[PDB]
Amino acid sequence: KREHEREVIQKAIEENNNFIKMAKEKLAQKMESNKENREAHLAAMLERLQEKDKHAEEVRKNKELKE
Amino acid sequence: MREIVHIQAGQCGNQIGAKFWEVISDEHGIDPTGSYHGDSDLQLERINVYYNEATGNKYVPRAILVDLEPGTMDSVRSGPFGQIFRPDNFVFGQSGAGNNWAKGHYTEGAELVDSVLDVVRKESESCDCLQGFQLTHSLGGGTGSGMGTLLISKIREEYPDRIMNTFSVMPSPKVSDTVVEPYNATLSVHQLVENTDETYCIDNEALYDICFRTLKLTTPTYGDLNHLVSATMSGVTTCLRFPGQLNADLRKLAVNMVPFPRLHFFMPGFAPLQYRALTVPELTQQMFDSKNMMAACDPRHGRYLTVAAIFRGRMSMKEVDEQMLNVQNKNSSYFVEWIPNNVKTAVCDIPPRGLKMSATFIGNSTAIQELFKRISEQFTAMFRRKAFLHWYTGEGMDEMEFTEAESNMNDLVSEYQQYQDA
Ligand SMILES: Nc1nc2c(ncn2[C@@H]2O[C@H](COP(=O)(O)OP(=O)(O)O)[C@@H](O)[C@H]2O)c(=O)[nH]1
Ligand SMILES: Cc1cc2nc(/C=C/c3cccnc3)sc2cc1C
Ligand SMILES: [Ca+2]
Ligand SMILES: [Mg+2]
Numbered sequence: 019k020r021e022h023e024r025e026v027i028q029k030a031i032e033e034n035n036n037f038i039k040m041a042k043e044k045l046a047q048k049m050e051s052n053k054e055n056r057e058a059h060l061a062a063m064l065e066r067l068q069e070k071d072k073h074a075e076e077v078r079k080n081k082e083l084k085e
Numbered sequence: 003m004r005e006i007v008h009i010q011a012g013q014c015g016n017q018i019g020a021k022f023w024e025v026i027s028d029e030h031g032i033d034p035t036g037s038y039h040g041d042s043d044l045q046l047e048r049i050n051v052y053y054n055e056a057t058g059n060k061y062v063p064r065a066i067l068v069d070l071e072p073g074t075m076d077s078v079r080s081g082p083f084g085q086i087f088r089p090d091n092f093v094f095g096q097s098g099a100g101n102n103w104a105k106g107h108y109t110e111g112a113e114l115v116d117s118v119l120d121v122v123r124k125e126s127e128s129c130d131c132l133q134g135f136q137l138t139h140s141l142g143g144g145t146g147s148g149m150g151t152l153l154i155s156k157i158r159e160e161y162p163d164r165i166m167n168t169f170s171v172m173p174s175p176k177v178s179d180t181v182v183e184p185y186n187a188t189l190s191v192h193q194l195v196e197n198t199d200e201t202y203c204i205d206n207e208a209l210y211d212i213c214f215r216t217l218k219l220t221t222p223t224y225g226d227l228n229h230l231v232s233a234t235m236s237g238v239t240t241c242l243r244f245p246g247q248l249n250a251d252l253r254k255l256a257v258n259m260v261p262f263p264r265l266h267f268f269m270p271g272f273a274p275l276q277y278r279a280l281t282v283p284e285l286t287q288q289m290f291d292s293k294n295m296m297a298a299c300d301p302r303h304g305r306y307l308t309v310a311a312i313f314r315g316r317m318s319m320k321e322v323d324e325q326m327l328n329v330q331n332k333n334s335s336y337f338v339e340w341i342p343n344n345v346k347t348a349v350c351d352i353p354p355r356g357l358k359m360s361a362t363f364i365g366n367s368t369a370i371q372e373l374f375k376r377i378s379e380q381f382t383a384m385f386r387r388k389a390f391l392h393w394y395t396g397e398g399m400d401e402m403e404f405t406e407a408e409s410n411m412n413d414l415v416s417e418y419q420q421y422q423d424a
């Protein structure tokens, strides 16, 4: 009975610790996934704007090849 | 010298325990300060049974006060006979048990139990000849139920050859604090079946009915309920605390009352429950009446294995003997025929306060199964849907332990039904 008393209280500790472990990992996964997604969102936005620069330079270059 | 160590655990256990000490201290003539101021040497002849003699001729109860929260024990220390208790014998935590058997038995209570055992050991070591242990508690809560039975388990390990008796308050939906009371009670009963010699089953439903139907109290409080318990506990311990014809310790009393190890759950009774004194026939009639039973079980639904009856006051012992022989010979169908002379009677000259004479009933009836059946119904009603189980599994318990406790009490019930049809 004594060793059962030990098994119960250490099962309580184990479950409480696993809950904290899972929560910490799930949160770390989400904040990391979010960081990658938001950066990629802004990376794609700036790349389009940097594409407008490439197009604008070709416009001025195309006019330059008419003079 | 036949010393008894008293232990009280939890809210109910301590409030009832305090009232018990409040009552017997009055009977022995001990004031709240611990000084004796009686009027008879008979009050001191067996004073050592429940009291330790202090340095300055004071009498300090051999009591140990246990709780997981300081709330109730602060109330005791601030009570009438609060200063009479040994300060070191106040063992308490801070967390509480939250009406949870698991917290009392496995987690919170486990952290405190060794501290209690040290006090128990300290009291036991200073006993010339330890007679046994005595626990007051409820089974529906967390501390008295969970830690109470854990303490019993520990005491049986350290004192395997000592008598372990309990005054256990059974939960009831009529007088309830939480819905998990049947869970806590079922878990505790399994412990009591194996680890106690005598358990006085005090049903709060019975106590409520007595206060309402008989005592004509419209709104019974716990205080009113504990008044009945206090008076019963005084009566049960009367022959142990006072000189008389009965020369027996806890063991000898257990031997004559318990024919089967597991079947040791008694139905307490008391009479009267007024200026007009009762006659001996009236005492005997009421004493066997269901309305004076405190286990909320009808004795006519079962049979008596053994019966003990204690009369207090100056009365015709011949008339008492005749009246006891009257009830038995008028209702012989309710007493088992395979145990000759199973009804024993003792008389004490000193009556309790307020009454010129009284009577206390101790019945080992098979009708007590009605109480366990009732608890088992309430248990199964929730457990079949695994309701409120998360409170317990969160403390490390498994569903299997519940299934096992449920099965052991159904076995207990079946065991009682076995001897009812004998
Ligand atoms: N007779 C009586 N029963 C009580 C008292 N206090 C609580 N109870 C019962 O005991 C159960 C609650 O257990 P409790 O002792 O309060 O919890 P604990 O402190 O963890 O042991 C409920 O079923 C209540 O009906 C009391 O003072 N007198
Ligand atoms: C036959 C008989 C039995 C009996 N048993 C008693 C129990 C006393 C007790 C007190 C405190 C704790 N545990 C048990 S009183 C009594 C009186 C008679 C006649
Ligand atoms: Ca702690
Ligand atoms: Mg309570």
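For the record, the sequence lines run as chains A and B. With the first sequence counted from 1, adding 18 to any position gets you our numbering. With the second sequence counted from 1, adding 2 to any position gets you our numbering. Heads up, the beta-carbon is just placed ideally off N, CA and C, and yes, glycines get one too.
Here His303 (chain B) has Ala369, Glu372 as same chain residues with Cβ atoms under 8 Å from its own Cβ, once five neighbours each way along the sequence are excluded. A distance of 9 Å or more separates the beta carbons of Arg48 (chain B) and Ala65 (chain B). Chain B places no beta carbon closer than 9 Å to that of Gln68 (chain A), leaving this residue out of the contacts. Interface flag for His392 (chain B) against chain A is unset, since no Cβ pair is found closer than 9 Å. In this structure, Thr362 (chain B) lies near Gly271 (chain B), with their beta-carbon atoms less than 9 Å apart.
Burial check for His22 (chain A): the Cβ neighbour count within 10 Å stays below 16, so the residue is exposed. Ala46 (chain A) is outside the set of residues whose beta carbon lies under 9 Å from a beta carbon in chain B. From the beta-carbon of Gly12 (chain B), no residue of chain A is found nearer than 7 Å; the closest lies around 19 Å away. Note on geometry: alpha-carbon atoms of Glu110 (chain B) and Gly98 (chain B) lie some 8 Å from one another.
Residues of chain B with a Cβ closer than 7 Å to the Cβ of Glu23 (chain A) are, in chain order, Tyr108, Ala112.
Taking a beta-carbon distance threshold of 9 Å, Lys39 (chain A) does not count as an interface residue toward chain B. Within the model, the alpha-carbon separation for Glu401 (chain B) versus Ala30 (chain A) is close to 14 Å. For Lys346 (chain B), the enclosing beta strand (DSSP E) covers residues 345 to 350. Under a 10 Å Cβ-count criterion, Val322 (chain B) is classified as buried, with 16 or more other Cβ atoms of the shown protein chains found around its own Cβ. Sequence-distant Cβ neighbours of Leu44 (chain B) in its own chain, meaning closer than 8 Å and more than five residues away, are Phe244, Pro245, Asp351, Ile352.
Assignment of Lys176 (chain B) by DSSP, reduced to helix, strand and coil, places it in the coil class. Separation of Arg387 (chain B) and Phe381 (chain B) (C-alpha to C-alpha, rounded to the nearest whole angstrom) is 11 Å. Exposure of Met40 (chain A) is indicated by the presence of fewer than 16 other C-beta atoms within 10 angstroms of its C-beta. The alpha carbon of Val118 (chain B) has as its nearest neighbour, out of B:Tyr108, B:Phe92, B:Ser140, the alpha carbon of B:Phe92. Bounds of any alpha helix (DSSP H) do not take in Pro89 (chain B), whose DSSP letter is neither H nor E. When the alpha-carbon of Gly36 (chain B) is set against those of B:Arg305, B:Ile6, B:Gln85, B:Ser147, the nearest one is in B:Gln85. Boundaries cannot be given for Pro245 (chain B), as no beta strand (DSSP E) includes it and DSSP labels it neither H nor E.
Selection B:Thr395, B:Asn186, B:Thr286, B:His392 evaluated against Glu408 (chain B) yields B:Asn186 as nearest (Cα-Cα). Between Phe390 (chain B) and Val181 (chain B), the C-beta spacing is below 9 Å. At a cut-off of 9 Å between C-beta atoms, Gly398 (chain B) counts as an interface residue with respect to chain A.
By the CB criterion at 9 Å, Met384 (chain B) and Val349 (chain B) fall outside the cutoff. For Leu152 (chain B), the nearest beta carbon of chain A is closer than 9 Å to its own beta carbon. The beta carbon of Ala104 (chain B) sits closer than 9 Å to some beta carbon of chain A. For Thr362 (chain B), the enclosing beta strand (DSSP E) starts and ends at 360 to 367. Segment contact: the stretch 253 to 273 of chain B against the stretch 293 to 312 of chain B, three or more CB-CB distances shorter than 8 Å; contact assigned.
With a threshold of 9 Å between beta carbons, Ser155 (chain B) makes contact with chain A. When beta bridges are read from the DSSP output, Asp205 (chain B) appears opposite B:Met172.
DSSP places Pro283 (chain B) inside the alpha helix (DSSP H), whose first and last residues are 282 to 290. Within 8 Å of the C-beta of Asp76 (chain B) there is not a single heavy atom belonging to ligand 4. Proximity of the beta carbon of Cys241 (chain B) to ligand 2 is indicated: a heavy atom of the ligand is located closer than 8 Å. For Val191 (chain B) against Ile157 (chain B), the beta-carbon gap comes to about 18 Å, at or over 8 Å, which does not count as contact.
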